[PDB]
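Residue numbering for the sequence shown follows PDB author numbering, starting at 12 and increasing by one per position. Each remark here refers to the structure printed beneath this line.
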Amino acid sequence: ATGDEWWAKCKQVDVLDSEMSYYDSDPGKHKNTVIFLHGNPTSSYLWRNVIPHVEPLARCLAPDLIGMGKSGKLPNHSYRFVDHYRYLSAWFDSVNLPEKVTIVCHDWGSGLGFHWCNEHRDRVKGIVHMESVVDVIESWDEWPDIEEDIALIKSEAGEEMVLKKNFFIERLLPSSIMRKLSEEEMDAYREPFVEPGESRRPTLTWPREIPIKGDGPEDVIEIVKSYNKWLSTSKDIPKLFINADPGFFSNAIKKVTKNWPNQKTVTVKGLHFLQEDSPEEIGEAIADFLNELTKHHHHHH
Ligand SMILES: O=C(Cc1ccc(O)cc1)Nc1ncc(-c2ccc(O)cc2)nc1Cc1ccccc1
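Shown next, in the form of structure tokens:
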């Protein structure tokens with residue numbers, strides 16, 4: 012599936028001063044509805060082999076975050092978490108969502124989705140999350156050891172690595188898929204970032220936002236602390252954690268969420284970009300989760 016083939020099935024809608032591209036399986040159809048949120052450095056294309064398993068059960072939306080995929084670029088090249096939330100938040104209001112939705116999310120898309128859910132709790136049918144931002148990083152012994160890499164990316168070498176050498180696309184992304192991407196799959200991911208310079212800025216700002224205790228930005232830390240607190244006691248919100256084996260953040264997520272009520276776990280084969288190694292098994296687990304939702308079980312503990 013080429014990039015042009017994927018985006019040919021996608022829509023665009025104005026958002027604030029810009030526009031966002033997005034996949035919509037059933038525009039205008041008020042039914043069971045699932046929103047898929049990608050992360051860094053991917054796009055809605057990441058969900059292309061997952062959505063077909065969910066589409067029979069739900070209208071599927073998968074937006075391109077601002078500055079990414081086929082969505083607009085911001086002329087000031089500010090793509091902090093709050094910048095992204097601004098546009099995603101407005102996007103939610105513009106695609107005719109029913110009263111409650113299910114969020115499926117990955118990486119920084121789970122940061123944005125968790126926060127959106129925290130701020131619209133009455134609209135959350137359920138949350139599927141994987142390789143997700145579930146808490147502030149307080150110890151590098153509980154987490155993958157990227158301390159030195161984050162420091163490196165925060166320095167001036169970050170601009171060279173990403174703006175000029177597109178590090179996240181050309182090295183990080185394929186390093187954390189187990190299979191080898193086809194070269195039309197790789198071009199799909201290169202496509203939004205082919206012009207060197209500031210078009211790649213979103214893939215540099217995103218790791219610069221990572222919520223590290225005593226090193227991460229206070230606004231992202233407060234947002235994460237506050238949706239982590241909410242999720243930790245969200246007994247009324249059904250949740251699926253898709254664990255990637257061996258994964259990247261998966262092991263740290265496994266233990267950060269031990270205490271969370273009403274969360275089931277399913278493990279699949281994968282590193283960070285698990286959707287490219289087990290698309291079908293991720294798709295089936297979502298369909299199972301969605302079939303169980305409709306039973307609206309009254310859980311005891
Ligand atoms: O900052 C993030 C977002 C994030 C996701 C989950 C989570 O629990 C906390 C934060 N991710 C990130 N941020 C920075 C880096 C990173 C940067 C440089 C480097 O040499 C290695 C990893 N990696 C990553 C994730 C990643 C992506 C692809 C492959 C491996 C790992």
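Virtual Cβ for every residue (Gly too), placed ideally from N, Cα, C.
Problem set entry | For residue 117, the three-state DSSP class (helix, strand or coil) | For the purposes of this step, residue 117 is taken as the residue at position 106 of the sequence shown. Three-state result, residue 117: strand.
Exercise. Just checking, does the stretch 159–176 make contact with the stretch 259–266 on the three C-beta pairs under 8 Å criterion?
Worked result: no
Problem set entry | Distance, residue 92 Cα to residue 231 Cα | Indexing the sequence shown from 1 puts residue 231 at position 220. Indexing the sequence shown from 1 puts residue 92 at position 81. Taking the straight line joining both Cα atoms gives about 7 Å.
Exercise. Are the stretch 130–142 and the stretch 252–262 touching, with three or more C-beta to C-beta distances below 8 Å?
Worked result: yes
Exercise. Are the stretch 124–131 and the stretch 266–285 touching by the rule of at least three beta carbon pairs closer than 8 Å?
Worked result: no
Exercise. How long is the line joining the alpha carbons of residue 218 and residue 99, rounded to whole angstroms?
Worked result: In the sequence shown, the residue the question calls residue 218 occupies position 207. In the sequence shown, the residue the question calls residue 99 occupies position 88. Their backbone Cα atoms lie some 18 Å apart in a straight line.
Problem set entry | Inside the stretch 115–194 only - alpha helix (DSSP H) runs reaching at least 4 residues | 119–130 and 158–165
Problem set entry | For residue 250, the first and last residue of its enclosing beta strand (DSSP E) | Numbered from its first residue, the sequence shown carries residue 250 at position 239. Segment 250–257, the beta strand (DSSP E) holding residue 250.
Exercise. Where do the ends of the beta strand (DSSP E) carrying residue 34 lie?
Worked result: Start at 1 with the first residue of the sequence shown, and residue 34 comes out as number 23. Unbroken beta strand (DSSP E) run through residue 34: 29–35.
Exercise. In this structure, what does DSSP give as the bridge partners for residue 47?
Worked result: Counted from its first residue, the sequence shown places residue 47 at position 36. 115.
Exercise. Is residue 247 helix, strand or coil by DSSP?
Worked result: Counting from 1 along the sequence shown, the entry for residue 247 is found at position 236. In the structure shown, residue 247 sits in coil (DSSP, three-state: anything other than H, G, I, E or B).
Problem set entry | Top-ranked residue by Cα proximity to residue 188, from 165, 285, 236 and 18 | Walking along the sequence shown from the start, residue 188 turns up at place 177. Answer by Cα proximity: 285.
Exercise. Cβ atoms of residue 127 and residue 26: under 8 Å apart, would you say?
Worked result: The residue you call residue 26 lines up with position 15 of the sequence shown. The residue you call residue 127 lines up with position 116 of the sequence shown. The answer is no: Cβ separation not under 8 Å.
Problem set entry | Pairwise C-alpha distance: residue 210 and residue 175 | Translated into positions along the sequence shown, residue 175 becomes position 164. Translated into positions along the sequence shown, residue 210 becomes position 199. C-alpha separation (whole angstroms): 10 Å.
For this session: Go to residue 266, then tell me how far its beta strand (DSSP E) extends in each direction, as first and last residue.
Result: Numbered from 1 along the sequence shown, position 255 holds the residue referred to as residue 266. Premise fails: residue 266 lies in the alpha helix (DSSP H), 261–267, not in any beta strand (DSSP E).
Exercise. Is residue 183 near ligand 1, in the sense that its beta carbon is under 7 Å from a heavy atom of that ligand?
Worked result: Indexing the sequence shown from 1 puts residue 183 at position 172. The answer is yes for residue 183.
Problem set entry | Among 75, 223 and 212, nearest to residue 147 - alpha-carbon criterion | As a first step, residue 147 must be located in the sequence shown, where it is residue number 136. It is 223 whose Cα lies nearest to the Cα of residue 147.
Problem set entry | residue 72 in three-state terms, based on DSSP | Reading the sequence shown from its first residue, position 61 is the one you call residue 72. Residue state, collapsed to three classes: strand.
Exercise. Regarding residue 118 and ligand 1, is the C-beta to nearest heavy atom distance less than 7 Å?
Worked result: By one-based count along the sequence shown, residue 118 stands at place 107. Under cutoff, so the answer is yes.
For this session: State yes or no: is the C-beta of residue 145 nearer than 7 Å to some heavy atom of ligand 1?
Result: As a first step, residue 145 must be located in the sequence shown, where it is residue number 134. Under cutoff, so the answer is yes.
Exercise. When you compare only the Cα positions, how much space is there between residue 63 and residue 294?
Worked result: If you number the sequence shown from 1, residue 63 lands on position 52. If you number the sequence shown from 1, residue 294 lands on position 283. Computed Cα separation, rounded: 7 Å.
Problem set entry | Beta-carbon contacts of residue 12 that lie in its chain and below 7 Å, excluding the five residues immediately before and after | As a first step, residue 12 must be located in the sequence shown, where it is residue number 1. So the list reads 59, once near-sequence residues are dropped.
For this session: Could you spell out where the beta strand (DSSP E) holding residue 281 opens and where it closes?
Result: Numbered from 1 along the sequence shown, position 270 holds the residue referred to as residue 281. Segment 274–281, the beta strand (DSSP E) holding residue 281.
Exercise. So is residue 233 buried or exposed if we call it buried at 16+ other beta carbons inside 10 Å?
Worked result: Counting from 1 along the sequence shown, the entry for residue 233 is found at position 222. Classification for residue 233: exposed.
For this session: Enumerate in chain order the residues of its own chain whose CB-to-CB distance from residue 81 is below 6 Å, with the five nearest sequence positions on each side excluded.
Result: Here residue 81 corresponds to residue number 70 of the sequence shown, with the count starting at 1. Closer than 6 Å at the Cβ level, and outside the excluded window around residue 81, lie 18, 32 and 75.
Problem set entry | C-alpha distance - residue 150 paired with residue 55, whole-angstrom precision | Looking up residue 150 in the sequence shown gives position 139. Looking up residue 55 in the sequence shown gives position 44. Each residue's alpha carbon lies about 32 Å from the other.
For this session: For residue 208, count neighbouring C-beta atoms within 10 Å of its own C-beta (all shown protein chains included) and say buried if the count is 16 or more, exposed if not.
Result: Translated into the one-based positions of the sequence shown, residue 208 becomes position 197. The residue in question, residue 208, is exposed, as its Cβ has fewer than 16 Cβ neighbours within 10 Å.
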